[PDB]
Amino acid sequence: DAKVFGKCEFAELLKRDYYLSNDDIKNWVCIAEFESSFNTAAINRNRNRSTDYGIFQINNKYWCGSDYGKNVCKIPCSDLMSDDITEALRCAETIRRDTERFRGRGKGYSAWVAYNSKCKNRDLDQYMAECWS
């Protein structure tokens, strides 16, 4: 069985193992909830022949996979579908970094459909209250 995190378990992991800031954490937890229900083996085969991979549903058209589209994260997409989230996180931070680059300061997370609909402009301190309270 592929890893499915609890929300607070996922929050505590990003803090304990990756020393992420609260701002980073509240944003990644929210994005993971609504992209994949924190399921590391979540995968979605789209109509456009592309695939979304892992807890951050990263798309093989731009971000992973030598054989299809581009490979900006320079990683096989399988590496983003793992019990261990290191490469998922490393690649999400690159997606956030590049998006911010082209879109403008503080717009990094707008690369995610879940971010735009469920997380942007929300009080993610309230959202995290059940974990941080």
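Quick note: we count residues from 1 along the sequence shown, nothing fancier.
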Fill in: 51 to 59 or 96 to 104, whichever carries the higher mean Cα B-factor
96 to 104
Worksheet item: In this PDB entry, which of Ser66, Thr86, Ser36, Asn27 has the top CA B-factor?
Response: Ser66
Discussion item. Per the entry's values, where does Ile31 land by CA temperature factor relative to the rest of its chain, in the lowest, middle or highest third?
Written reply: lowest
Fill in: Ranked against its chain, the third holding the CA B-factor of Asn22
lowest
Discussion item. For the chain shown, is the CA B-factor of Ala114 in the lowest, middle or highest third of its modelled residues?
Written reply: highest
Worksheet item: Based on the entry's values, in what third of the chain does the Cα temperature factor of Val72 lie: lowest, middle or highest?
Response: middle
Item to complete: Divide the modelled residues of the chain into thirds by Cα B-factor and specify which third, lowest, middle or highest, holds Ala129.
Response: middle
